[PDB]
Amino acid sequence: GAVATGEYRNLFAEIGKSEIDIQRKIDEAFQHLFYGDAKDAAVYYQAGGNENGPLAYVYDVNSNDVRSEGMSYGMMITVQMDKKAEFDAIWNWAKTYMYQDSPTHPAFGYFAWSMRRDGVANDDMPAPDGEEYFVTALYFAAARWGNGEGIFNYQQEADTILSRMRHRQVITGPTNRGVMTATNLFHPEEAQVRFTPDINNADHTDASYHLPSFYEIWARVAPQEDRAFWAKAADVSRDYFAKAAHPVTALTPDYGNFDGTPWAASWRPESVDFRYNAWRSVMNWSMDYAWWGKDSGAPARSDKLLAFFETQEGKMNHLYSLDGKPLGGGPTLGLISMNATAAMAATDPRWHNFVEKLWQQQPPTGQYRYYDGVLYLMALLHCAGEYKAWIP
Ligand SMILES: O[C@@H]1[C@@H](O)[C@H](O[C@@H]2CO[C@@H](O[C@@H]3CO[C@@H](O[C@@H]4CO[C@@H](O[C@@H]5CO[C@@H](O)[C@H](O)[C@H]5O)[C@H](O)[C@H]4O)[C@H](O)[C@H]3O)[C@H](O)[C@H]2O)OC[C@H]1O
């Protein structure tokens, strides 16, 4: 794997792009999404400052609300791109406004998944892949830049947040939504990330939240007493993808049960299909295979997923049944982007076409550019050999 050798595949170079052009492409993506026109192009906003210096956020320009996912992806993008100033400003906002620091609040130790631009939470509860990316980006920051103090002691922040994700106790108390009860963020016996710590829907998962590539990082650098647990989670996730992905198409559902079966959320029964969450599953397993070389099923799974999307050429939807029936929409940049990241594991040379397809895109504009854009920029970095394990 790339971590052992230090050699990350440059998939764009493999399909014949020059390094000058690859650098232009990444830089254009970043400049547009971070510093482009505020109404049509940018998803990053500078929001004054406080005692820790500048504040900024990545946000869903559609809803006009901040998402913990977007903040955490912002941090990952910026650390990968060596953009410390933007990283610190995003982190300052997440830690200042999103992080729940009251030990009697049921979201204690978690980041509000949905928050308004003035810091008013829409929902105090987390979207746990936010936490997963926050912790990992923080470890990467420590590696690349060294640790600061206070909230910029990135390694100490990561250790605390991660320990609490495993060891959080059950807490019942007041929130913006009424009295709620929440637990830990990983199931202690299953060693799987939860879809939610809310006790009413806690015993479920989401394939797109499984990040064995990052669990391996935590297995190396987390507090000692948790390293075996994280190592176990990495094995468990590799098995999870093998069970959860359809055996013909490799499509996964948005939401899932611990045993690998789809889960229909009461408020969103269509979660059993391949939708906006599940786009990312192939990135997660392909990244894991590229870095660590342990998911022996990842190459065949990525081959199957690309073989399926090849049958959709010219009639591309972005919502599918797991067996491959189109359920609506047209092509999206976010799905193009994630499908290109399959090439981190794929063996069949059709992967060149999917990488080429990502290469041909422009940065997103208009109302849906946040989710399309953060997926786009992450996929550009993976495909350029610029998204690396920075181990402290
Ligand atoms: O129930 C709560 C959970 O929902 C919560 O999870 C978080 C929110 O949901 C997930 O992230 C969101 C995924 O959906 C995105 O919305 C759209 C989806 O469509 C994308 O593509 C468009 C499709 O249509 C085309 O016409 C158009 O051109 C395309 O761009 C669009 O780009 C997206 O913006 C949201 O933006 C994401 O935030 C994820 O699980 C969590 O972030 O967790 C708590 C739980 O209580």
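The name given to the chain in the PDB entry is Glycoside hydrolase family 8 domain protein, with Teredinibacter turnerae as the source organism. UniProt lists a comment for the chain under the heading Catalytic activity (unreviewed entry), and it reads "Endohydrolysis of (1->4)-beta-D-glucosidic linkages in cellulose, lichenin and cereal beta-D-glucans." Checking UniProt for the chain, the heading Sequence similarities (unreviewed entry) contains the comment "Belongs to the glycosyl hydrolase 8 (cellulase D) family."

Draft legend 1. Representation of the packing of aromatic side chains within the structure. Within the structure shown, the criterion is met by 43 aromatic pairs. Consider the rings of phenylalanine 140 and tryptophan 291, whose centres lie 6.3 Å apart with planes at 45 degrees: the pair is tilted. Highlighted residues: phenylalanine 140 in helix α6 (residues 128–145) and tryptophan 291 in helix α10 (residues 281–292), separated in sequence by 151 residues. Neither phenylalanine 140 nor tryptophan 291 differs from the other in exposure class; each is buried. An aromatic cluster of at least three residues, connected via ring pairs, comprises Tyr73, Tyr133, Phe140, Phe214, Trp291 and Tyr387. When the ring centre of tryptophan 359 is taken as origin, the NZ or CZ atom of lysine 25, which lies over that ring, is 5.2 Å away. A cation over a ring is seen here: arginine 144 above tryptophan 390, with NZ or CZ 3.8 Å from the ring centre.

Draft legend 2. Quick peek at unusual backbone geometry. Here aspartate 82, not a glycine, exhibits a phi torsion of approximately 60 degrees, which is positive. Residue position: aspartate 82 is located in the loop between α4 (68–80) and α5 (84–98). For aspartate 82, a relative accessible area of 44% puts it in the partly exposed group.

Draft legend 3. Highlighting the site of the ligand. As a structural note, the neighbourhood of the ligand is formed by 19 residues, with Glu69, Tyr209, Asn277, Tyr368 and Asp372 the closest of them. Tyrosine 209 is positioned with one of its side-chain polar atoms (N or O) 2.9 Å from an oxygen atom of the ligand. Side-chain polar atom of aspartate 372 to an oxygen atom of the ligand: 2.7 Å apart, as the coordinates give it. A total of 840 Å² of accessible area belongs to the ligand in isolation, and the protein chains cover 75% of it. Broken down by class, the residue content of the shell around the ligand amounts to twelve nonpolar, three polar and four charged.

Draft legend 4. The packing of helix α12 (residues 333–341) against helix α14 (residues 369–383), seen in detail. Packing of α12 against α14 brings their axes to within 8 Å, and their N-to-C directions diverge by 25 degrees. With respect to α14, the element α12 is oriented roughly parallel. When the axes of α12 and α14 are compared, the crossing they make is left-handed. Seen from α12, the contacting residues are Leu333, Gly334, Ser337, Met338, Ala340 and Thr341; seen from α14, they are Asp372, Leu375, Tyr376, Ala379, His382 and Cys383. Residue composition of the contact of α12 with α14, grouped by class: seven nonpolar, four polar and one charged.

Draft legend 5. Molecular detail of the nonpolar core. Counting residues in hydrophobic clusters, the biggest one holds 135 residues, and the most contacted among them are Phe87, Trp91, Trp218, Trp291 and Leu377. A total of eleven residues in this core trace back to one element, the largest contributor, which is α14. Residues within four places of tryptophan 291 in sequence aside, it is in contact with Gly1, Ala2, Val3, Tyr8, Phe140, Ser213, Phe214, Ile217, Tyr387, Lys388 and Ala389.

Draft legend 6. Representation of the side chain of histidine 105 within the structure. If you trace the backbone, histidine 105 turns up in the loop between α5 and β4 (114–116). Of the residues examined, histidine 105 reaches a relative accessible area of 10% and is grouped as buried. Dropping the residues within four chain positions of it, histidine 105 is found in contact with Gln100, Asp124, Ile171, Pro174 and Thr175.

Quick notes on the rules
Residues numbered from 1 in each chain as written, not as in the entry; some residues may be left out. Heavy atoms only, no water. Residues with missing side-chain atoms left out of burial classes, pairs and counts. UniProt positions renumbered as here; feature names shortened; annotations may be inferred. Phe/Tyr/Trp six-rings, centres within 6.5 Å; stacked < 30°, edge-to-face > 60°. Helix = DSSP H or I, 4+ residues; strand = E, 2+ residues; numbered from the N terminus. Buried < 20%, exposed > 50% of the residue type's maximum accessible area, 1.4 Å probe, protein only. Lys NZ or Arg CZ within 6 Å of the ring centre and 35° of its normal. Near = heavy atom within 4 Å. Polar contact = N/O pair within 3.5 Å; in protein donor to acceptor, adjacent residues only side chain to side chain. Areas by Shrake-Rupley, 256 points an atom, 1.4 Å probe, with all protein chains shown as cover. Nonpolar A, V, L, I, M, F, W, Y, C, P; charged D, E, K, R; others polar. Axes fitted to C-alpha atoms, helices over the stretch in contact; angles between N-to-C directions. Parallel < 35°, antiparallel > 145°, perpendicular 65-115°, else oblique. Left-handed = near helix turned anticlockwise from the far one by under 90°. Contact = heavy atoms within 4.5 Å. Core = buried A, V, L, I, M, F, W, Y, C linked by side-chain atoms within 4.5 Å.

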